Amino acid sequence: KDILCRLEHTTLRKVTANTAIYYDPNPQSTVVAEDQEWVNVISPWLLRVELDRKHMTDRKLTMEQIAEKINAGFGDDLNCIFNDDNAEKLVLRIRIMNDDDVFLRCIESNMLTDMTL
Amino acid sequence: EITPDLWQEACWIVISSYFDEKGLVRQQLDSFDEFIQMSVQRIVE
Amino acid sequence: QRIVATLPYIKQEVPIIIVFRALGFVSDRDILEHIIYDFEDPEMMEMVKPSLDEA
Amino acid sequence: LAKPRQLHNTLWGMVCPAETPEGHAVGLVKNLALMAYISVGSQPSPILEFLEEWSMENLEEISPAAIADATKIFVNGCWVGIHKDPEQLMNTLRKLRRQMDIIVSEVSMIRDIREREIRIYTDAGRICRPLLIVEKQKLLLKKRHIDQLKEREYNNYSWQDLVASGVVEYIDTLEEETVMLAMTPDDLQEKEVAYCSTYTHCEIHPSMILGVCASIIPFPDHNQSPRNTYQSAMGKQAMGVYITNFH
Amino acid sequence: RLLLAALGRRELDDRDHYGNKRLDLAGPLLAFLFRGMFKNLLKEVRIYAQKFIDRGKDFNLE
Amino acid sequence: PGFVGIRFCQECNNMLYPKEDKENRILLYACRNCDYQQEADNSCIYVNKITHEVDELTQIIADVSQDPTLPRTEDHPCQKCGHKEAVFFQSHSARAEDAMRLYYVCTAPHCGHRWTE
Amino acid sequence: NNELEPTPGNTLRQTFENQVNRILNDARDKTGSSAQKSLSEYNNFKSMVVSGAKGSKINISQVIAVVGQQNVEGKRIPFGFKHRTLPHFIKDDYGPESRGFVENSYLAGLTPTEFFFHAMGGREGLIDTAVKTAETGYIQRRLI
Amino acid sequence: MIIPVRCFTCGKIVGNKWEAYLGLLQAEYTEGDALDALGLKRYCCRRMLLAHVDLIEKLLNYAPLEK
Amino acid sequence: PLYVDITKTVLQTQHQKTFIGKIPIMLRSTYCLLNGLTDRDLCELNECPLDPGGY
């Protein structure tokens, strides 16, 4: 099954559990108010995705590998803040460095479709 | 009232009455008579 | 993810919102109130937003 | 294209199952079953007058937001109006259909309660068959009625007179889809270990699902279906005295 | 209806449903054919009357 | 979380799009047809639940209890009105029949109570 | 009551239909084995099938013991009506009788519902035969 | 259209027995007992005296156009 | 045979019973000759009483 998961195609569409965007101009204070905001402490809006432990256990994935994969895919334009495995919930937070949130929606649709992680 | 044992003959005579009333070409005759009775005058009006 | 229409004597695929505006309903409010009956439809929000946000 | 010439579920009592041509076109040609009858079609204007003399408002006068609660009412597909409570007006329409006062027996009505709507079909092209009407656990086809039917040709008691009595009614495809059926009054409507005990309509006779050739086919419950189909096809080749005045 | 179809809360339709198929008898067929060729007959009658009114003579119905 | 609805420009009966205010780092639903602005009530502007766990209890209406084609049961009574007779049925919606779940609606009129065991 | 634990590799619905198919196949196989054990050795059916002229040991089972479950398109008979195979059954039931398994034999006779299901099977076989003959004729012509 | 004179299997005389059969059924006997009273023991003759249909009354109900 | 009446207004003129053409009728219809005739009448008219008709 290791060779299985190495061979079979995985997409962020089938790995994500949910996604959202929150306008948080201050990086220190967020609507989610999780520990990862203090772990982190420039886009005024942040993109938060929440995964599912069923799929991480099925695919044997390390979300550090997902984070480095998406960092390599989108370059240095997007920074990803990762939720360390303290509970069932794992959150990736995406912030853009220097068009607008409609372009953010387009690129999150793109990464949902075909990063081929 | 209704008897389960006589229900066979009851439904059979119901079938007999239904076929005696209708026949087999009821839908053909009814469609043609409806057309020639109202549809042609509806067309010409 | 949008919605268009195929119509007789028409060679194009015209959007529903601009069809409604050609009919006369240029208001987003009565367009929404004509496309839905029970107003509390957020799932309708994320599956209708590209069509009106285009048209 | 296999699917449109495949045999569909929606054929109980409309077309006999084991009567097909054998050659290049198997399944595109059907032969009509016994009870199956085609709707002749009628004008829906008296029906709309019934709605409007009743309390089912048109779509142009009704306020928009107070369409969320109500149920939609379509006639022959096109949208007519809405009403808050389809209950007791569905029953009024059913009994008026039974008595043929203004709603005819031929015009049908389907009440989608899963999605709040109801459609009235006056159109031709619908195919229907007669079925019994049962309200309680007991049926409506009484010994008095079968006594007049047995003493037919004297009282001139007719099948149309039975329909006027409202014991039986025409049931078409969408209504058959949305109604529950009782297969046997002597076996299913009788009180026993209950299956659902919500029986609404009952079939006249199961053999009536057969057709013109399947009727002369003996023991199809014992025969094989390819044999039954072959025999039903060969019934047209069955040679005999074709007409009375052949000379 | 299309939105509920996309959501899948409402089940899609089948072309094989004989409830969703209608059955034309000879009545609608003959009515449609007679309608079309009666329109053709009216075309012939109107072009005949137009020919006579171009000729300046009264049209003959028969 | 929860879904976020349309902000309406009331005076011309139109849509409001969220745009940012950089002078105080806030979010403002502004009209594009005209000039009408409202404060953003929450940081969430867009959210997508991908797990498709929707409240089928709210999706199901109570009028289905009187349907005779649906089967009738008496094992579990109504919680609010105490009536023994309930109707057990399935989702009847797509992407749900993978898990066949039972929903009971009480046959007693004027209570309209539905629940899942 | 959802005590069913889904098999890995398929959904709960597929696991359930696999369980139903396994149970029905085992029951039908046991029925046929019991009948062929008890064919009493003076049956001309047995004699001719042992000669190998025509028929099969399963054909004795349909003609004598039980018809069994009939399959359309490699599965059970689907819900042609509103989540029901027939209006004669209730909504949302998964009984073998309501889904296409025949509990009777040819000698016992059939209810009209399972007779309709056998008609489903026979029509499926006949349409397969017709399209098979036509396509193999065209393919043989192509090869020649 | 007519009763056959002889049994297809046997050859026993049948033609008079049809009109006799009609006479006994008008005299209101059960048809099997009337058949036995006429004396048709074998079923291969019982069949033709039992389930014969007559058409010549309809044919003669038609007018003779060749006169 | 089929007729219509004609209303012309050139001065109003009425032309009743104007022959259009001949339209086919299937047997045993409400306007057929074989309507209401019993078995005796039909066999006198040398047609089969048991024939269904409608063609």
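By letter and in written order, the chains are A, B, C, D, E, F, G, H and I; residue numbering begins at 1 in each of them.
We adopt the following convention: a contact is a pair of C-beta atoms (placed from the backbone, for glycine too) under 8 Å apart; a residue touches a chain by one contact, two chains touch by 3 or more.
According to UniProt, the chain labels map to these proteins: F = DNA-directed RNA polymerase II subunit RPB9; H = DNA-directed RNA polymerases I, II, and III subunit RPABC5.
Contact tally for D-H versus A-F: the pair with more C-beta pairs in contact is A-F. Among the remaining chains, the Cα-based centre furthest from that of chain C is the centre of H.
Each chain gets one centre point, the mean of its Cα atoms, and the points for chain C and chain I are 54 Å apart.
Once the centre of each chain is set as its mean CA position, chain H and chain I turn out to be 44 Å apart.
Chain centres here are Cα averages; for chain A and chain H they lie 95 Å apart. Rounded to a whole number, the gap between the C-alpha centres of chain B and chain I is 23 angstrom. The residues of chain D that reach two or more other chains are 6, 8, 10, 38, 124, 176-180, 196, 244-245, listed in rising order.
Multi-chain contact residues of chain G, defined as those touching 2 or more other chains: 82, 87, 90. Taken residue by residue, chain F touches two or more other chains at 46, 48, 69, 71, 92, whereas all remaining positions touch fewer. Residues 32, 37-38, 40-41, 124, 130, 138-139, 141-143, 146, 149-150, 152, 157-160, 162, 168, 185-186, 190, 204-205, 208 of chain D are the ones touching chain B in the complex.
Listed in rising order, the residues of chain E touching chain B in the complex are 25-28, 30-31, 34-35, 38. Considering their complex, residues 39, 43-44, 46 of chain I touch chain H. Of all residues in chain D, only 243-245 touch chain I in the complex they form. Taken together, the chain F residues at the contact with chain A in this complex read 1, 18, 20, 25-27, 40, 42-51.
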